[PDB]
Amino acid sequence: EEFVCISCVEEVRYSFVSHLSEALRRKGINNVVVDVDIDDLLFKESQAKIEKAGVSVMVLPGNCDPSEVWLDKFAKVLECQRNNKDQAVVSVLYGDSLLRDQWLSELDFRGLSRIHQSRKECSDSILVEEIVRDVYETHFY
């Protein structure tokens, strides 16, 4: 029925995102993980899953230059919110050396405001907790 779609690059797929997906799953929230490193050819199957997801969670590679990454990988994910206007989008800037300002600027330009960030003071576990709580609040919303 109702579910959540997590989007990310491959480098975090098997680490941070797996914890994120496990946490939602413990909380009884079905979810699927889409890898955006795939080109637009195999990605055509994944477009289907994102579109019917109630909550779309974008886990961004925050250590990287947004100009070298957004259009190439995540534009296609954000463009699934058009088809489903009920869908809400959550954004995560994940990384141990964030280009914080460059990314905040990119997210503003695309019109995204619901934002979570890596911080040196908090564990990735705490970060996951904060995201699960946000999703849950949005999930029945």
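Position 1 is the first residue in the sequence shown; the rest follow in order.
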Per the entry, higher mean C-alpha B factor between 42-50 and 23-31: 42-50
Regarding 105-113 and 55-63, which shows the higher C-alpha temperature factor on average in the entry? 105-113
Just to confirm, going by the entry's C-alpha B-factors, which of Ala75, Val92, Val89, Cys80 comes out highest? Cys80
Please say which third, lowest, middle or highest, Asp134 falls into when its CA temperature factor is compared across its chain. lowest
